[PDB]
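A, B, ... follow the sequence lines: proteins, then strands. Residue 1 opens every chain.
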Amino acid sequence: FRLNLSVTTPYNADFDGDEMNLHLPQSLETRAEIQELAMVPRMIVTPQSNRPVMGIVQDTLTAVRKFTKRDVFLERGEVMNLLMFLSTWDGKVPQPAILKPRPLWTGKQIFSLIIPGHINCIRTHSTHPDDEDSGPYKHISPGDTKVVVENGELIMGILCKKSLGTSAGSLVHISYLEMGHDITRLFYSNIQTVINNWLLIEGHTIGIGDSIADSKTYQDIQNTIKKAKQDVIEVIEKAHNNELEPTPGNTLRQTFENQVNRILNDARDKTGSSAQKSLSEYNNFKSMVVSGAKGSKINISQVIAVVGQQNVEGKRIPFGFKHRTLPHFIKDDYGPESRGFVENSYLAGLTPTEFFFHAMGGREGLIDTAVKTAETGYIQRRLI
Amino acid sequence: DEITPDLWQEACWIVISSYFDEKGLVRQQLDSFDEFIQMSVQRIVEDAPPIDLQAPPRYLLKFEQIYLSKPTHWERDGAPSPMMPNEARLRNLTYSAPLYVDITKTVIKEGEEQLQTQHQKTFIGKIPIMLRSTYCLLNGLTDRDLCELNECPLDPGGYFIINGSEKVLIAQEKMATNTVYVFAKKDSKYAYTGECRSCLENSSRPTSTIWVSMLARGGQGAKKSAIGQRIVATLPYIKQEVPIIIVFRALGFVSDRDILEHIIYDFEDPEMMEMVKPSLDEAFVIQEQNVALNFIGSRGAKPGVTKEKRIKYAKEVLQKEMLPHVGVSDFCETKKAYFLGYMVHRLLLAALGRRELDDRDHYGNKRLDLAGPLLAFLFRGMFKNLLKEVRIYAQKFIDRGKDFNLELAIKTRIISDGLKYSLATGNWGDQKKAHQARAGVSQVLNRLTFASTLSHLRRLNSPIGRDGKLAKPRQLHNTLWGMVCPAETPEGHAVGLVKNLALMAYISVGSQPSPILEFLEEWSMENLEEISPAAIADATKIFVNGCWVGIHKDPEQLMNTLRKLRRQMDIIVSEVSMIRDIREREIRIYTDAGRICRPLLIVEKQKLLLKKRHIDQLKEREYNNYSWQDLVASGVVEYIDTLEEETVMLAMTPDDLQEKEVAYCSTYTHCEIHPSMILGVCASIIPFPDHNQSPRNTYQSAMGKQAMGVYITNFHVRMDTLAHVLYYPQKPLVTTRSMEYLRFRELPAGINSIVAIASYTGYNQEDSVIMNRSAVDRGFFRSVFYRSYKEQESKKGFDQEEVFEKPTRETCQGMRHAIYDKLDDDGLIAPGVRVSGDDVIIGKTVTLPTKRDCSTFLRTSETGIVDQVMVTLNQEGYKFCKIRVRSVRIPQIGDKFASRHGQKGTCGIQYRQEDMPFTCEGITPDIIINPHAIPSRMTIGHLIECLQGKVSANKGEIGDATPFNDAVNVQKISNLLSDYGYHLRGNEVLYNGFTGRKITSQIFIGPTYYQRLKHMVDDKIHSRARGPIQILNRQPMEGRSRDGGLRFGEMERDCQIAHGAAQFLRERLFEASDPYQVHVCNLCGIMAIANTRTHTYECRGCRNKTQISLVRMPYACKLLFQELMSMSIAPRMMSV
Amino acid sequence: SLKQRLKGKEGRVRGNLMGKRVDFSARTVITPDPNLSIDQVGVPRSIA
Amino acid sequence: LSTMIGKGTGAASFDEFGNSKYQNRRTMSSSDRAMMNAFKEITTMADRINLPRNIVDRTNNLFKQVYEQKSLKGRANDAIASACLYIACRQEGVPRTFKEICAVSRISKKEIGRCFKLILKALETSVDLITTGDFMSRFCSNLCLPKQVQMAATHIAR
Amino acid sequence: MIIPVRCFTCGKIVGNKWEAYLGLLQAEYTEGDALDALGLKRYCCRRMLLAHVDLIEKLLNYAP
Amino acid sequence: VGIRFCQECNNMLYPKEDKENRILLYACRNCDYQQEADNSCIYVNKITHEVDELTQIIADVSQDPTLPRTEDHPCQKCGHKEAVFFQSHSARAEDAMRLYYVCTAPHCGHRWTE
Amino acid sequence: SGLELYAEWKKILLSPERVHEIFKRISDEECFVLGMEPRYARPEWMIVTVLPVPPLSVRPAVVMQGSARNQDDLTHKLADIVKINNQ
DNA sequence: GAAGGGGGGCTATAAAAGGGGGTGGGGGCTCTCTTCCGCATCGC
Ligand SMILES: [Mg+2]
Ligand SMILES: [Zn+2]
Ligand SMILES: [Zn+2]
Ligand SMILES: [Zn+2]
Ligand SMILES: [Zn+2]
């Protein structure tokens, strides 16, 4: 069974072996019911959260973000290829944004043809700075992070999950509220076909090069971790010397864990941000995160900076042995390494203790997934 | 001299190589079975009481010695012959060895004359034999000899062949016996509960559990609150809890000082004394041993008619049913008082907070029941039955005054069928008592891949039921390090419950504690019966297999002596655990089976006892006789169980942790041979597994079990129900050190693929894959699907028989629209004949009481060629035919493919070579995966393997992806790649195949090992359009193989209600499933009798036939109303 | 018994009335097709 | 066809004094009970000399006909079962000697031979005459003689 | 089981190079040198021989 | 606070008063034996139960290889530099992070808290 | 106590026929007060006097492994009921 | 004293006679709701 990529989200479907069922209505009366009530275009906006249930996904979402960048220019031949994949195209080639020295169409120009009707939408790109709205360039965005669709044309802004995903106020949401399901149906397919074929030119990959960082970034990450180790050691000394005053409402043990977890959480955040800054505009990890197609800033930090603290039942790795987590540690070892803080990134690789503690943390997610499927299923049935 | 860090990596893998050269990978299976045959079977027969007959002449029978011959098969003519395992598989025989016993028969005729006759080697049944065990025919055969027998030398054995089915006993995980465990139940009425599961030595009559519990303080009262919490004991065979002090009185300790001396070893401690005061007051009424015994007897299993019977019964329970492991004799009351006091003492420490509560998830507190202990448990029951019927048979003859024939008294079916049935079905115990029989112990060995076969032989089953849900048993406990793979575990209801042994983990087979006890007595250990209770406080208790043997005043010297003996292998065998709890002043020694242990390098004075001379001797492992066992004899490596690991200070590596550095630990006792040994068989094939997110490692361990390859070298001779063989398996370009011992090179399950991580045409999105059509045209991931059909013709009944023949449409009653032309005259299709769906491969006709058709129809989807047609006699002597159909599976759209990092995906499209993107060299990727699969999954090991694979292919060297290896870094791999004229990060400039234009982004491309998974779309595609219906519900059948319909369940029903599609909902649930019509009486809503032929409708009960209404309802609704009517309910359908 | 037949997920009511197996249904693996509309499904000829 | 009551679980299942109030009752017919015991005896004898299940099935069918025909009602069931086992071996082409059948049976050779004659009369059936080659494979295999010696013995007797 | 006739990626013939490849390794050649001697320059073709497992040799041990 | 058993039948002795003498006495239930009471305290209940953990520590813990050892806390008795430190890890304390030191010198099981 | 009713005042086994006789004498008006419609549910009908035997379709025998019918669990149970009541 | 030899009993076949004995076949894991008991309270 072959499916459009957009309907994968409403179905919660993937293509790693998922099987879907087909039911063929056997009469006109039931055939008309499905046609007039249950067709995918009529299902675009869900009443659960008054927003679209399907949007633009992995390749098209990552590519449309690249496509609508300010500096994307298309030659005459490239543009004519894309318009072949625009079913709603009127057949009129728009005047290029640049006429001399060479005729060049921008990506926004071509996307404007995809946008149906004359809808008007205001969105912000994921990387829109907060202080730009208060600055002197509110309506002329230096970063192209302000999305304005006016009269059905994308006049500025980079499109991403925020303006094309399954969120209220999305450009896809406006198309449904304004143009209806049939025109919105074509809007979905036209985005995919046009930008999928442009991605054949621009391309998109992910490799080792996107997991590396500058030696300066590695030193900053190493220094941040080294400082975090000393900070946890200092707190341990205070607790050992009875110099730690319990925070009101918490026991001494709870106070110590809060301080240690706060130190290590901040170190993970500081190392993560340090890794993110080092990433270039060409970085493919960042490309799929800014577009919202896949991954998050935490994934990037884990791959580059540090995996971080491993937790079991919301606590650091417990003393499964007698007062120690593993036979490789001394007893009463409350340092970050003993209790499951992974100071390495995935690229660097985990040490044997980190690998095992990381396996302990991963097992919790697997147990939850098995539990969540049945625990929530019973709730759904009883509610119905 | 000493191993320098520059040579440690080679040195440590020489050690690991020698371990696997000796032990193999199914050693736990084979060693456990060898112990059961060599020792347990003889012990069970010896331990059996002599059979005494008296009804006058007196006959005695004693079973002296056990003999076992080679696995033998008897032809229908009665000629014995050795049974080869391959013959057992083909002819569906059970691989069993005849069992013989020497029986001595002495008769006393009251004439002061004794006649003694011995029946040497009396046949008493057949024992299934584990393959490649000491008693298997393949034992001691060279690899050349195995090939001559059509046996794969790489086949590890460790499984049984029952009715031709390869059966593997899964290690059953259970809480350790004879050990006192204190647990706290939040909800229960007891604040704390100290249990002990006591079992006899050699695992006699099953374990007897005793609970010592402290009542919770929840109860509010002036008397209850003032006294505190009282301790009660839950003895076996007693309905109600018995106060603890009463049990001590029944043992023979009346005075409070005497009882407290067994519970409290230091009266100077007042806190513990106050804890037992409420218990003393509870039993203040009982002040005599006989009164206490009567009190316990009053609650006995059966009511006591008189006091004398009650006292006798109570003494019986305490003597043997209570703490049997402590003692089962009449003089063991003092020993049981001390142990019972220790249980109370342990409970008090838990209540006082002085000792931490025991952890059920700790594997020190766990035992794994392997084939031996499993088989021994069955054999004890069967042998008792054998003697029970021997007594019953001999009783009849001796009663009549005639002597009895000993051979005719023995029923050989008892042991032969009892052993066979338990292994055949997996229901553990008795067929009659299947209600309490443990299920899933025996499983058909998985032969999908060699790695899957190895994994199934090292599987561990948790005691917790799969249906039950509880996170804690499913969690990855700290104590699984080095013992259980932290990654290999199934996904779903069995997460964390089914486990796999770590690579070097070993399960103790068990040994007698007699040599240890004798040495302890010789050493300065004071016996428990000779000391005064006051001396226990300062001394350390000595436990051997959970039995408190005595006390010692110099624990440090004793432990050093014990450790020295075990390292020298003088009196203590290697698998014996010696644990000293310094804080608790206890030394625990364990010798029983089921303890999980792993070999560790011994460290003395921050120095490995392993030196360069050991490595040099191992390097010449052959033509030198130096092996792994010499390392254990030399005392440089020893086995450590989970309990002993708590007391071990262990160094991950010698190169770093032993060396002088910032002072962290200057007292190291042991060292890992290599940290990569924490992984099991399936996780050991993941390259760079320490660069992946942990769930990805778990997913690959599952996927690797489903990867096609060559599951066994002799697959051609085998006729398995399903078998997948890859045309061109390759060994991975990027391998792990551990893979050398999994024989993965010899039986690979994948191909090295040029993989580009690119967004090409949108056909690889959402975990989908683009495959190169031209590469597939060249045999890339081509595989064979072998399916075997077995049919047996059996004659059973007065005139009913089944035969192989071509059923003529006129002669035979039953018939189908299939094609019967392919069948030969003998009713069997011939090899080399193309067969499609709805084709008959076996022509079977059963005589009608003319004859019905039971012919075997080829699977509808299947379209192959008959490969082999084997005909023989099965175990029952009936003519037996197996037909293998061969179908070639070219990778299609929808076939699953995975890397070794949890990145599975179906093929979304196949492009030809010209359509694929190419490098400047003309290289096109065999596979294109979406970049969006990497970021969220964080399978960085996939990217490193691709980079390392590129270097390996260019350099010509198989890359090393062993997890915790500082010698390999991404920067190092990148620098190597630069030397071959490639971008150091594995990117290449690719050209669009459709236009030839350079792609703006450079594509990460390189060799990656992928594996074709068993799941092929053509085996899953299923369509239903008015098929057959089932008899009970008259609804579409179930299953793809039965042309069943898809279920339209409650959730789909609920979904269509929200849609408001009432008519479509009616189609699915009424019109498309089971449309039915009934006639209902109008006066009463009951279904009326309708005769459409006569057009007469009557309602028997209303005496009316004019007003009957036709009602259209689902057949299942009719069945419901009729079923409700069977319960006297009257569902009356009213049309008004 | 009769009671066992009616109760539970696989019982008569929930297993055969609230939900049941149906004719004219098909099942197979799903693969991407960016060239189909969101409201289209690509179907094998064998199922059709 | 019948159902057996299972073991009690709660206190309601047990009588006022221990013993379970719901106890299994012997509802098997005398004819079926005797026939069931004969089949058990037939399988016990067959396992002693390792006879295949197909010969046992033939023996069970033979006993049912003789048991129903009731010409041997005066003879012990074990003797009929032993004689039926002997006949089944002959019918299958793998005869056992009367002594070999007697070794696995409490019934003597004379009584087996007598029941054997009656069963043939009752069933109106016959058994092909035994030849020297019908025993060579079992006798030589039990004596541990090579195939060449077995072939020589088979030729010499024939 | 047996050396593939063609390289899966480019279609170069590699089924006439397994015996030569084995002989070169017998002549103390390194795997990289032996592959170079056979003319397998693209790492797709080097992958074919460098990662091949000749199981047909094991299968010939079993009697037909 | 102390516990006594009668010298006659070695059973638990419980407190009792005599009105004639108005002096605390310990009387055995099943024995009728009586004894003069010298403690005068029937029992003491320690809600805080700040029991000195040093008493609970065993000097043998210095032989544990898994306990950390510090040379910066010399033994106060013998002056040995090396000492082994650990936490109480005892329930009912409601708070425990302080270290308890034990001298590693053999025959000197000195224990202290910093 | 299980499937048996005991009436204690002393203590006797309350037989189903005894309960049947008691229920037979309850008036229709009294039955209505007890929340039982007399025409659709009488208290005495709750006592099994005649046992309904399900149709064959409710308890069908399934054919598997030759022409040997395997009877339904209900059919097996009905055999016990028919035997005991006959006895 | 091991081994071959000789003599005699056993096996089946029919048949009659009469009675004892052998054989086979009947019969006397978590959460929620309901029920029972002890207590303190008033009432008369
Ligand atoms: Mg999926
Ligand atoms: Zn009616
Ligand atoms: Zn090539
Ligand atoms: Zn006393
Ligand atoms: Zn000191």
Side-chain angles (χ1 to χ4, degrees), chain A residues 367 370-371 374-379 381-382, chain B residues 175 183-190 193 218-225 360-361 396-397 399-402 462-475 493-494 496-497, chain C residues 8-9, chain D residues 9-12 23 25-42 63-64 66-84 86 97-102 105-122 127 129-130, chain G residues 1-2 5-9 11 83 86-87:
Chain A
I367 297 155
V371 165
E375 195 77 1
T376 67
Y378 190 37
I379 286 165
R381 154 167 186 75
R382 278 153 40 203
Chain B
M175 300 308 301
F183 304 115
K185 297 153 117 161
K186 55 180 275 182
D187 61 339
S188 186
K189 52 153 64 165
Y190 307 112
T193 296
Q220 169 44 44
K223 321 186 184 85
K224 308 299 292 299
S225 64
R360 272 199 204 74
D361 306 317
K396 279 153 190 184
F397 283 60
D399 279 5
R400 292 197 286 160
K402 54 175 89 180
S462 282
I464 296 299
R466 61 188 168 173
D467 205 336
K469 266 279 183 167
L470 191 64
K472 301 305 303 316
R474 301 171 175 282
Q475 288 182 6
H493 64 103
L497 302 183
Chain C
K9 203 164 194 159
Chain D
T9 58
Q23 193 74 354
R25 289 290 105 190
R26 279 81 64 81
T27 63
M28 205 183 201
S29 177
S30 72
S31 195
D32 273 333
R33 191 188 288 109
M35 193 179 288
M36 181 204 84
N37 285 119
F39 293 167
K40 186 193 78 178
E41 178 66 5
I42 288 156
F63 185 85
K64 184 177 179 180
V66 176
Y67 195 73
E68 292 169 353
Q69 204 275 359
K70 263 185 161 93
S71 280
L72 280 84
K73 74 188 290 298
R75 306 306 188 88
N77 272 2
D78 277 9
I80 303 164
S82 308
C84 282
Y86 174 87
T97 70
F98 279 109
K99 285 188 174 52
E100 279 177 321
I101 300 293
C102 164
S105 169
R106 68 157 188 93
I107 306 300
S108 72
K109 189 220 185 186
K110 175 175 52 54
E111 186 56 33
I112 294 162
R114 288 183 177 180
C115 290
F116 156 72
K117 295 269 184 64
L118 299 168
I119 289 158
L120 289 187
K121 295 183 181 74
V127 286
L129 189 66
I130 51 155
Chain G
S1 163
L5 295 189
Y6 284 107
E8 300 185 353
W9 271 268
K11 160 167 174 200
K83 280 187 291 184
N86 279 355
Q87 163 176 341

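Using the sign of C1'-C2'-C3'-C4' as the criterion, H/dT41 is classed as a north pucker.
For the side chain to side chain donor-acceptor pair (under 3.5 Å) test, residues two or more places apart in sequence or in another chain that qualify with A/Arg381 are B/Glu1050. With sequence neighbours left out, B/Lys402 forms a side-chain contact (heavy atoms from CB on, under 4.5 Å) with B/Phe397, B/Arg400. Under the side chain to side chain donor-acceptor pair (under 3.5 Å) criterion, B/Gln220 pairs with no residue, sequence neighbours left out. Shown here are the side-chain contact (heavy atoms from CB on, under 4.5 Å) partners of D/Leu129, two or more places apart in sequence or in another chain: there are none. Residues satisfying the ring-ring contact (aromatic ring centres under 6.0 Å, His included) criterion with D/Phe116, sequence neighbours excluded, are D/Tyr86, D/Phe98. The side-chain contact (heavy atoms from CB on, under 4.5 Å) search around B/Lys186 returns none, not counting sequence neighbours.
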*Determine, stepwise, if the pair D/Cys84 / D/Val66 fulfils side chain to side chain contact (heavy atoms under 4.5 Å, CB included).*
CA-CA 9 Å; D/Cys84 282; D/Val66 176; 4.2 Å; yes

*B/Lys469 and B/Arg474: side chain to side chain contact (heavy atoms under 4.5 Å, CB included), yes or no, with the steps?*
CA-CA 9 Å; B/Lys469 266 279 183 167; B/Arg474 301 171 175 282; 4.0 Å; yes

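Rounded to whole angstrom, the span from the CD atom of D/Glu68 across to the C1' atom of H/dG24 amounts to 17 Å. In this structure, the CD1 atom of D/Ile107 is 14 Å from the P atom of H/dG22, given to the nearest Å. Per the geometry, NZ belonging to D/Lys121 stands 11 Å off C1' belonging to H/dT13, to the nearest Å. Distance D/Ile80 CD1 to H/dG24 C1': 10 Å, rounded to the nearest Å. Separating the CZ atom of B/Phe397 from the P atom of H/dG22 is a distance of 14 Å, rounded to the nearest angstrom.
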Side-chain donor-acceptor distances from residues 69-83 of chain D under 3.5 Å, at least two apart:
{"unit_1": "D/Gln69", "atom_1": "OE1", "unit_2": "D/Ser71", "atom_2": "N", "d": "2.7"}
{"unit_1": "D/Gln69", "atom_1": "OE1", "unit_2": "D/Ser71", "atom_2": "OG", "d": "2.5"}
{"unit_1": "D/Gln69", "atom_1": "NE2", "unit_2": "D/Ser71", "atom_2": "OG", "d": "3.0"}
{"unit_1": "D/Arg75", "atom_1": "NH1", "unit_2": "D/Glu111", "atom_2": "OE2", "d": "2.9"}
{"unit_1": "D/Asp78", "atom_1": "OD2", "unit_2": "D/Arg106", "atom_2": "NE", "d": "3.1"}
{"unit_1": "D/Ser82", "atom_1": "OG", "unit_2": "D/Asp78", "atom_2": "O", "d": "2.7"}
{"unit_1": "D/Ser82", "atom_1": "OG", "unit_2": "D/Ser105", "atom_2": "OG", "d": "2.7"}

Show every donor-acceptor pair shorter than 3.5 Å between a side-chain atom in residues 25-39 of chain D and any protein atom, with sequence neighbours excluded, or say none if there are none.
{"unit_1": "D/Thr27", "atom_1": "OG1", "unit_2": "G/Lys83", "atom_2": "NZ", "d": "3.4"}
{"unit_1": "D/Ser29", "atom_1": "OG", "unit_2": "D/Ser31", "atom_2": "N", "d": "3.4"}
{"unit_1": "D/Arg33", "atom_1": "NH2", "unit_2": "D/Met28", "atom_2": "O", "d": "2.8"}

*Which nucleotides of nucleotides 25-37 of chain H have their base under 4.0 Å from a protein heavy atom (B), which only their sugar-phosphate (S), and which neither (-), written as one string 5' to 3'?*
SS-----------

Pick out the pairs of N or O atoms, protein on one side and nucleotides 10-12 of chain H on the other, that lie under 3.5 Å.
{"unit_1": "H/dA12", "atom_1": "OP1", "unit_2": "D/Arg114", "atom_2": "NE", "d": "3.2"}
{"unit_1": "H/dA12", "atom_1": "OP2", "unit_2": "D/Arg114", "atom_2": "NH2", "d": "3.0"}

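The salt bridge (charged side-chain N to carboxylate O under 4.0 Å, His left out) analysis of residues 112-121 of chain D, with sequence neighbours excluded, yields no pairs.
Without both centres closer than 5.5 angstrom and planes tilted by less than 30 degrees, the six-membered rings of H/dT11 and H/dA12 do not count as a stacked pair.
For DNA chain H, no stem formed by at least three consecutive Watson-Crick or G-U pairs, with both atom-pair distances below 3.5 Å, is detected.
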